[PDB]
Amino acid sequence: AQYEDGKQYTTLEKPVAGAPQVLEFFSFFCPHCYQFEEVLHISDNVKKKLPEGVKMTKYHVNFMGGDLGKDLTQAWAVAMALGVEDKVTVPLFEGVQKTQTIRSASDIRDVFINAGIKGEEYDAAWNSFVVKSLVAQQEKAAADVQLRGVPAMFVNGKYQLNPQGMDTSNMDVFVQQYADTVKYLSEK
């Protein structure tokens, strides 16, 4: 076939019921994730090819960057609760991987302040049980697929994108192959 299990995707031996339709995992410490976000714009190109009625989920993971990795998972929870993902994603990636100006929870907080979220608003969220359960959800979703690597994308709790099995001669061609695969899996 044109799309084959073990080629553009793999199938989970242990499918995850009730899972989000399109589920993406990343880490601000993750170099291909940086690429996926700033150079390739994967999430965005997948969205543009997804059907009517499909919601898109993105979660941060703990297993990179130790103590800062978890702060970042809590910060992403803050970003999701406040709905400010699109304002902090780039400065967090660049603060971690490009300028290396993020070394503590306080530096993460600085990114949000600079992006215009109020201190009082940030600290209240950071400490809220709504963010606490949002962190729990991120962990649980990763746990359910026994996730050991990022970037990762899972569709309908059953299929896992396999970008290693796509051409990288051309970045545009790669992205479309990736998105077209998500769409195919979506319709599956």
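What counts and how
Residues numbered from 1 in each chain as written, not as in the entry; some residues may be left out. Heavy atoms only, no water. Helix = DSSP H or I, 4+ residues; strand = E, 2+ residues; numbered from the N terminus. Rg over C-alpha atoms; globule rule 2.2 N^0.38 Å. Contact = heavy atoms within 4.5 Å. Areas by Shrake-Rupley, 256 points an atom, 1.4 Å probe, with all protein chains shown as cover. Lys, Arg positive; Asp, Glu negative; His and termini not counted. Charge placed at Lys NZ, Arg CZ, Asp CG, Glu CD. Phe/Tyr/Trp six-rings, centres within 6.5 Å; stacked < 30°, edge-to-face > 60°. Buried < 20%, exposed > 50% of the residue type's maximum accessible area, 1.4 Å probe, protein only. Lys NZ or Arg CZ within 6 Å of the ring centre and 35° of its normal. Pairing = 2+ DSSP bridges. Axes fitted to C-alpha atoms, helices over the stretch in contact; angles between N-to-C directions. Core = buried A, V, L, I, M, F, W, Y, C linked by side-chain atoms within 4.5 Å. Salt bridge = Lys/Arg side-chain N within 4 Å of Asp/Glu carboxyl O.

Method of determination for the deposited model, per the PDB record: X-ray crystallography, at 1.9590 Å resolution.

Under the annotation held in the PDB entry, the protein carries the name Thiol:disulfide interchange protein and is attributed to Escherichia coli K-12. The title given to this entry in the Protein Data Bank is "Group deposition of library data - Crystal Structure of EcDsbA after initial refinement with no ligand modelled (structure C6_1)".

A. The overall build of the protein, seen in detail. Across its full length, the protein holds 8 helices and 5 strands. Walking the protein from its N terminus toward its C terminus, one meets helices and strands in the order β-β-α-α-β-α-α-α-α-α-β-β-α. In terms of overall size, the protein behaves like a compact globule, its C-alpha atoms giving a radius of gyration of 17 Å where 188 residues would be expected to give roughly 16 Å. Structurally, the protein occupies a C-alpha span of about 55 × 35 × 30 Å along its principal axes. A separation threshold of at least 6 residues defines the contact pool for the protein, and within that pool the share at least 24 residues apart is 74%. Total accessible area on the protein stands at roughly 10100 Å², and carbon and sulfur atoms take up 49% of it. One way to put it: in the protein the 19 positive side-chain charges average out to a point 4 Å from where the 24 negative ones average out.

B. Quick peek at the packing of aromatic side chains. Per the stated rule, a full pass over the model turns up 16 aromatic pairs. A centroid spacing of 5.6 Å and a plane angle of 90° characterise the contact between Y9 and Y159, whose relative ring orientation is edge-to-face. Remark: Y159 occurs in strand β5 (residues 159–161) and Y9 occurs in strand β1 (residues 9–11); sequence separation between them is 150 residues. Residue class for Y9 comes out buried when judged on its relative accessible area of 5%. Judged by relative accessible area, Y159 falls into the buried class, the value being 13%. Seen from the ring of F26, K58 lies directly overhead, with NZ or CZ sitting 5.9 Å from the centre.

C. Quick peek at unusual backbone geometry. A cis amide bond links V150 with the next residue in sequence, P151, at an omega value of 0°. Along the chain, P151 turns up in the loop between α7 (129–144) and β4 (152–155).

D. Summary view of the sheet that holds strand β2 (residues 22–26). An order of β1-β5-β4-β2-β3 is seen for the 5 strands of this open sheet, with the pairing classed as mixed. Looking at which strands have only one partner, the edges of the open sheet turn out to be β1 and β3 (56–60). Taken pair by pair, the neighbouring strands of this sheet meet at an average axis angle of 25°, ignoring direction.

E. The nonpolar core, seen in detail. Counting residues in hydrophobic clusters, the biggest one holds 42 residues, and the most contacted among them are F25, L92, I108, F112 and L147. Looking at this core, the elements that each hand over two or more residues are β2, α1 (31–39), α3 (66–82), α4 (85–98), α5 (105–114), α6 (119–127), α7 and β4. Among the elements that make up this core, the one with the highest residue count is α3 (8 residues). Excluding residues within four positions of it along the chain, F112 makes contact with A75, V78, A79, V84, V88, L92, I117 and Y122. Residues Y9, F36, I42 and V182 belong to the second largest nonpolar core, which totals 18 residues.

F. Layout of the pattern of salt bridges. Taken as a whole and assessed by the stated rule, the structure comprises 6 salt bridges. Of the charged contacts, one joins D123 and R109 as a salt bridge, the two residues approaching to 2.8 Å between their closest N and O atoms. Of this pair, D123 sits in helix α6 while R109 sits in helix α5; the two residues are 14 residues apart in sequence, bridging distant segments of the chain. Using a relative accessible area of 28% as the deciding quantity, one classes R109 as partly exposed.

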